[PDB]
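Examination of the molecular architecture
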Amino acid sequence: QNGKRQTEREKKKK
Amino acid sequence: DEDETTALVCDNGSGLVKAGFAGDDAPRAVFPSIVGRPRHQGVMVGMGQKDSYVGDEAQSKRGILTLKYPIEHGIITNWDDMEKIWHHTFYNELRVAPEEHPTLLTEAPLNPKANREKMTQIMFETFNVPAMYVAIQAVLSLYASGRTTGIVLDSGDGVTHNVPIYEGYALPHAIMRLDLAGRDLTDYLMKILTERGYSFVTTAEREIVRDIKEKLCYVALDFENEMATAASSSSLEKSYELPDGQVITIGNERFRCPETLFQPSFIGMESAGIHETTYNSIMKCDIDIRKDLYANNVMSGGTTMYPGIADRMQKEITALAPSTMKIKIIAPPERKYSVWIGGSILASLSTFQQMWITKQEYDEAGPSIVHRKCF
Amino acid sequence: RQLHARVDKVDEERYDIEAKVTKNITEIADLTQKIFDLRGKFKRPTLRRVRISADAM
């Protein structure tokens, strides 16, 4: 029956 | 600009947002909870002109804008527009950065959960506020009014919450919440004035009717006698000037709209009215609670500024209440401006420093933290 | 290793002051843009050479 915070975080952290 | 990291207080309703800092007496600025957008094609080039307008900008340029409210019946349904409203509130007029200040927001106790959760997320993610708290409107009204015990009848633009509180504690089984509010009275006034030859169906017209309501309308102490005269004589009409020079007068419609608070059937609502729900909030509490709630009917929110409303609310509940006992209403000049005032008081209490959610706990839990930490 | 933690956090902090001045510059750009609008309202009507061929012939 079976975002923006991520991008700015990437910036700062890298 | 402050000499302390004082919390910012923003009383964001379905009407206007009142904002300023904790510890003050009054908001620094007030804003319509509005984001406006042009409904016309631009013809001249190099005219500036925004894609969207916020708060008072949206109201001032309203002649060609359709105006939307991100908050309906106390809940944010459009958080992108609230980010704009808060950006404006904080950076353009209060000129503060929440990044350096805790922020206090407000809501009714049975406001659907998404409201406090999205409010928490916007302030922690777009403003990166160091701390948050979402407060109860009744609590805020009780601090502003000097009480720990009473019924908070908050009949504002969004919803009427009507929650009994004793010794600072909720009596939730007795919340006589009602989906009847100032926004419905505005809609009723647009329709009843249309019947007088002054149609009000567009955004500009709606903002005008709200302004008419606030200055001309009342509830009175005795509806039937007030209408017997208002319906018979021009002596009770009052004029209003519209922006284009038109003059409108309103007769019995001046109070028949507002009367919907006591007679909800006027707009097709099935309800006992705000005074019966106030009465039941007291009655549904334990018998050793009832005496203190009868002596402390706390008026707050919008519509509290209609002539005859404080006098009428006490009359209507004392008439349902038992004899011998004294029933009293509390309706200070701080009515409706009590939620913001309470925010300033609450944010500043030393005991409230254990209630604030920090931008630490937030990251581990996410915005859902508001349901673990606020109330 | 104290230095490694210091450089981690201070790299973070200089990137952060970077972004802060970046927002200062972005808002200089945007506010000075609406200010370009403001002062253009005032100064554009004269950015023109006028009354040349009126008489010379």
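Residues numbered from 1 in each chain as written, not as in the entry; some residues may be left out. Chains lettered and ligands numbered in written order. Part of a larger assembly, values for the part shown. Heavy atoms only, no water.

Per the deposition metadata, cryo-EM was the technique used to determine this entry, at a resolution of 7.8 Å.

1. What about the interface of chain C and chain A?
On the side of chain A, four residues touch chain C, which itself brings four residues to the contact. Overall, the association of chain C and chain A removes approximately 390 Å² of surface from exposure, summing both partners, and the carbon and sulfur fraction of that is 40%. Of all residues in chain C, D8(C), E12(C) and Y15(C) give up the largest surface area on contact with chain A, accounting jointly for 85% of the area buried on that side. Put simply, chain C and chain A have three salt bridges between them. (Contact = heavy atoms within 4.5 Å. Buried area = accessible area lost by both parts, 1.4 Å probe. Salt bridge = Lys/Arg side-chain N within 4 Å of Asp/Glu carboxyl O.)

2. Things to note about the domain arrangement of chain B
Residues and elements named next belong to chain B. In terms of domain boundaries, chain B breaks down into domain 1 (4–34 + 71–134 + 337–371), domain 2 (35–68), domain 3 (136–181 + 271–332) and domain 4 (182–267). The straight-line distance from the C-alpha centre of domain 2 to that of domain 4 is 29 Å. Taken together, the contact between domain 2 and domain 4 spans five residues of the former and five residues of the latter. Roughly 400 Å² of surface becomes buried between domain 2 and domain 4 when both sides are summed, with 47% attributable to carbon and sulfur atoms. (Domains from an automatic or database assignment.)

3. As for a positive patch on the surface
A contiguous patch of positive charge, built from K4(A), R5(A), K359(B), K20(C) and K23(C), is present on the exposed surface. Mapped by element, the contributors of at least two residues to the positive patch are α1 (4–13) of chain A together with α1 (2–43) of chain C. You can see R5(A) is positioned in helix α1. Residue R5(A) is classed as partly exposed on the basis of its relative accessible area, which comes to 38%. (Patch = residues over 30% accessible without salt bridge, like charges linked within 9 Å, V, L, I, M, F, W, Y side chains within 5 Å. Areas by Shrake-Rupley, 256 points an atom, 1.4 Å probe, with all protein chains shown as cover. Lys, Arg positive; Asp, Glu negative; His and termini not counted. Charge placed at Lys NZ, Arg CZ, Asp CG, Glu CD. Helix = DSSP H or I, 4+ residues; strand = E, 2+ residues; numbered from the N terminus. Buried < 20%, exposed > 50% of the residue type's maximum accessible area, 1.4 Å probe, protein only.)

4. Regarding the packing of helix α4 (residues 137–145) of chain B against helix α12 (residues 338–347) of chain B
All names here are of chain B. It is the contact of α4 with α12, at a shortest axis distance of 7 Å, that shows an interaxial angle of 80°. Between α4 and α12, the angle falls in the class roughly perpendicular. Judged by residue contacts, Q137, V139, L140, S141, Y143 and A144 of α4 engage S338, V339, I341, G342, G343, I345 and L346 from α12. Tallied by class, residues from the contact of α4 with α12 come to eight nonpolar, five polar and no charged. (Axes fitted to C-alpha atoms, helices over the stretch in contact; angles between N-to-C directions. Parallel < 35°, antiparallel > 145°, perpendicular 65-115°, else oblique. Nonpolar A, V, L, I, M, F, W, Y, C, P; charged D, E, K, R; others polar.)

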